[PDB]
């Protein structure tokens, strides 16, 4: 199992909003900056959010992040078929002195 907990899968239709939860502890998500990235087999992995809610240059505002307490969420509005991919949250764990990641959420566009 993963140190950070994500749902294995999420699905919605084009144009709809999806959110992906990521649950942790005070040692990791509670006290530390959360990042998110996506990877679909065959294409490059790409970071979408960092420092909880900031977007790399080139990521559109359809993507956003919110962290409160020991949970972080990635929101995707205007869902596009090109958003199909595995999505992962990650953060530093102060107790383990190590980066930890969620186990991944497969996003299916219906």
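Residue numbers count along the first chain shown, from 1.
- Per-stretch averaging of Cα B factors for 32-40 and 53-61 places 53-61 on top.
- For residue 3, the recorded CA B-factor ranks within the middle third of the chain. Only modelled residues enter the ranking.
- In the deposited entry, the Cα temperature factor of residue 21 sits in the bottom third of values across the chain's modelled residues.
- Per-chain ranking of the deposited C-alpha B factor places residue 79 in the middle third.
- In this PDB entry, residue 72 carries a Cα temperature factor that places it within the middle third of its chain's modelled residues.
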